[PDB]
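Just so it is clear, none of the values below were taken in a lab; they were calculated from the coordinates. Virtual Cβ from ideal backbone geometry, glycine too; neighbours counted across all protein chains shown.
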Amino acid sequence: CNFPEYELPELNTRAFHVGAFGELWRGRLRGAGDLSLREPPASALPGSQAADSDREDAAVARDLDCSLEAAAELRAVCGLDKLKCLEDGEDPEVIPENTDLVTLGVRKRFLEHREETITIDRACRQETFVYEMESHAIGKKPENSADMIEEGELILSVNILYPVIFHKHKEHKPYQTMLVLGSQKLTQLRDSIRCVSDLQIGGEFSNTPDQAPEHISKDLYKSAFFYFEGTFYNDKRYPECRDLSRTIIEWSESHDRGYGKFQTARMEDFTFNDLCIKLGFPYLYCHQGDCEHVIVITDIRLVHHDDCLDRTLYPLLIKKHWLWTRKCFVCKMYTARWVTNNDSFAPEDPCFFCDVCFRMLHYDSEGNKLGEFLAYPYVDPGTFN
Amino acid sequence: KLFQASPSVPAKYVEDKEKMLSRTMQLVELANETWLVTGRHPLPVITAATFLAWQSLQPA
DNA sequence: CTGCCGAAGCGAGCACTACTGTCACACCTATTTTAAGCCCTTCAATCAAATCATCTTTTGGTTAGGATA
Ligand SMILES: [Zn+2]
Ligand SMILES: [Zn+2]
């Protein structure tokens, strides 16, 4: 049955149907209310539990099959005064010395060698994006009723890798993490992508630099498809969209290329609940016909009242890797906007130029072409990352 | 089977067979007149000559 | 009280490589000696592809040579 298990330790899991998995999760939670989106009561010190005692002791007695006095005794025993070694007025910026923790000892070792004038700072720890996009959306609610997450809705964590891979490291990957709902279709995920592959442009305009093409790649081609468990999900909402998967099925199935039989289907025909997908196992998405993306279902879980309940942000970005700007070779500090080939002035081919370093170098006051070269408008993937 | 663009072989390796034969027969003539072939199996010599040709037409 | 001969349907001849009873002679290997070439293993000396350490080229941020707004 749909019983998640590790195919490999902490790397990937077995395949299961998302809808059946969500139904199983709800069946173990429906009626209990632990999957609800309403704020429940929270634990407190025994000196203030009197107000909540009336509402809590009876339920505790019912669930634990103990007496009301036994429930009160358990509540008094399990009070936070027995656990709160830290008072509520203590700042987290200083290590409490009255401790026996090895973890805090290692923390002290880390902090002591970062207090010198050369080392003391409040800079980034190891990354910044995750908390910034968590606190910006965690615990919030939408301004419109139609943008309400359904109670018990599945939350799927999807990692989309960039087209610019390091091709020098293999442990870590360049990717951005998108959160999607089970009921959502793949169309809303595809339309939410802001990859630079949608912004690609071209054309040789060394003679007339001001005649750059009017239409970006997104305005000329709209082909995009997902690929899960051997199924292609190709967009066809627009005439610019083409079923790219037919060429792949023609090429691959004609020979033993190392992959099995595939099937073709439209992009809007399936929701995230209809997928039978693995977790952690990479999958394929493609758009523009040459921009492939690695798709990893990192995590899946039911919605929680403390999560982002605002659907206007969904698909919600939570994590993102960084790409560095491609800067021109003239001033070696400004991000390039043009690329040239066969350039007599440039020391190397290809050479990257910024608008400032491009126009006045390759043209005079009247804009007349100088020297021999070919020029193309350039969009930096490291900028629009 | 290097004279055909079979799917099992990349097209990078396909060459005109005429130049192939010319290069190979002159290579084996070189081998013959240098006493290499006498008293030995010819087949490996022919294979080696086809090798030197096949690398010579595209060392790139 | 027994017996002859017709009617219709059958048929013919022409159109300038499986075993067995023997039998002797093949098959078979006892070793010698070269002269250049042999197949396979099997390790050792040399090599070159890939990986680690460190100098250095450049991409975000701090400093005090350097500046407007
Ligand atoms: Zn892309
Ligand atoms: Zn410039």
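What ratio of Cα Rg to 2.2 N^0.38 Å holds for the stretch A:1-72? Provide the component values of the computation, followed by the final result.
Details: Rg = 18.9 Å, N = 72, 2.2 N^0.38 = 11.2 Å.
Relative to the rule-of-thumb radius for its length, the stretch A:1-72 sits at 1.69.
Report the calculated FRET efficiency for A:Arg301 and B:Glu29 (r = Cβ-Cβ distance, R0 = 56 Å), to the nearest 0.05. Show your work: numbers first, answer last.
Working: r = 76 Å, r/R0 = 1.36.
Using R0 = 56 Å, I get an efficiency of 0.15.
For the stretch A:64-197, take the convex hull of the Cα atoms, compute a quarter of its surface area, and give me that in nm², please. Mind showing how you got there, number by number?
On the way: hull surface 68.5 nm².
If I average the Cα hull's projected area over directions, I get 17.1 nm².
Model label sites at A:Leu370 and A:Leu68, defined 7 Å from Cα along the beta-carbon direction, differ in position by 9.4 nm.
In terms of overall dimensions, the C-alpha atoms belonging to the stretch A:137-277 reach 60, 46, 39 Å along their principal axes, ordered largest to smallest. From helices alone, chain A scores -6000 deg cm²/dmol at 222 nm; the rule is -39500 (n - 2.57) for each run of n ≥ 4 DSSP H residues, then divide by the residue total. Semi-axes of the equivalent ellipsoid for the protein assembly as shown, computed as √(5λ) from the eigenvalues of its C-alpha gyration tensor and ordered from largest down, come to 59, 33, 28 Å. Ordering A:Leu35, A:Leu374, A:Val94 by Cα displacement along the dipole of chain A toward the positive end leaves A:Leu374 in first place; charges were set at the Cβ atoms of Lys, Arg (+1) and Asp, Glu (-1). Assuming a viscosity of 1.002 mPa s and a temperature of 20 °C, what translational diffusion coefficient in µm² per second does Stokes-Einstein assign to the stretch A:27-103, Rh being the Kirkwood radius over Cα pairs? Answer from the Stokes-Einstein relation: 139 µm²/s. Inter-label distance, A:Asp81 to A:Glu250: 7.9 nm, where each label sits 7 Å from its Cα along the C-beta direction.
Quick one: Cα convex hull volume of the stretch A:265-329, Å³ per residue?
Numbers: hull volume 12.2 nm³, N = 65.
Considering the Cα atoms of the stretch A:265-329, their hull volume per residue is 188 Å³.
Checking every one of the GluC sites (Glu not before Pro) in the stretch A:1-42 against DSSP loop status and a limit of 12 other Cβ atoms within 10 Å picks out A:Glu5, A:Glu10. The length gained on full extension between A:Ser145 and A:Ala50, counted as 0.36 nm times the residue separation minus their Cα-Cα distance, comes to 30.5 nm.
Using only the alpha-carbon atoms of chain B as identical scatterers, what base-10 log of I(q)/I(0) does the Debye formula give at q = 0.18, 0.27 Å⁻¹? Ignoring solvent entirely, the Cα scatterers give -0.66, -1.10. Basic side chains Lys and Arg get +1 at the Cβ, acidic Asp and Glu get -1 at the Cβ, and with that the dipole of chain B about its Cα centre reaches some 180 debye.
For A:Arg122 and A:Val164 in the same chain, what is the full-extension length gain: residue separation times 0.36 nm, less their Cα-Cα distance, in nm? Spell out each step's value before the answer.
Values: separation 42, 0.36 × 42 = 15.12 nm, distance 3.12 nm.
Computed gain between A:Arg122 and A:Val164 is 12.0 nm.
Positive end of the dipole of the protein assembly as shown (Cβ unit charges, origin at the Cα centre): among A:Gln184, A:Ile118, A:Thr128, the Cα lying farthest that way belongs to A:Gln184.
For the stretch A:231-385, what does the equivalent ellipsoid look like in terms of its semi-axes, each the square root of 5 times an eigenvalue of the Cα gyration tensor, given largest first in whole Å? Walk me through the numbers before you get to the answer.
Working: eigenvalues 365, 117, 45 Å².
Listed largest to smallest, the semi-axes of the stretch A:231-385 are 43, 24, 15 Å.
Gap in Å between the Cα centre of the stretch A:237-286 and the Cα centre of the stretch A:138-155? Cα centroid to Cα centroid, the span is 31 Å.
Here the dipole of the stretch A:1-150 is about 440 debye; that uses its Cα centre as origin and unit charges on the Cβ of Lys and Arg (positive) and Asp and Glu (negative).
Electrostatic tally near A:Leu37: other residues with Cβ closer than 14 Å to its Cβ, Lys and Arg +1, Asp and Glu -1, net -2.
When the Gaussian network model of chain B links Cα atoms closer than 10 Å, the mean-square fluctuations of B:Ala48, B:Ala31, B:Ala11 top out at B:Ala11.
For the protein assembly as shown, the dipole from Cβ point charges (+1 on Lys and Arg, -1 on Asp and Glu) about the Cα centre works out to 1820 debye, to the nearest 20. In a GNM of chain B with a 10 Å cut-off on Cα contacts, which of B:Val14, B:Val45, B:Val28 has the highest mean-square fluctuation? Among B:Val14, B:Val45, B:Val28, the largest GNM mean-square fluctuation belongs to B:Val14.
What full-extension length gain, to one decimal in nm, is calculated for A:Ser192 and A:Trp324 as 0.36 nm per residue of separation minus the Cα-Cα distance?
Values: separation 132, 0.36 × 132 = 47.52 nm, distance 2.26 nm.
Full-extension gain reported as 45.3 nm.
Spacing of the modelled spin labels on A:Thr208 and B:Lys12, each 7 Å from Cα toward Cβ, amounts to 4.1 nm. Taking 13 Å as the cut-off, the amide N atoms of the stretch A:297-325 that come nearer than this to a point 7 Å along the Cα-to-beta-carbon line of A:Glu132 belong to A:318-323.
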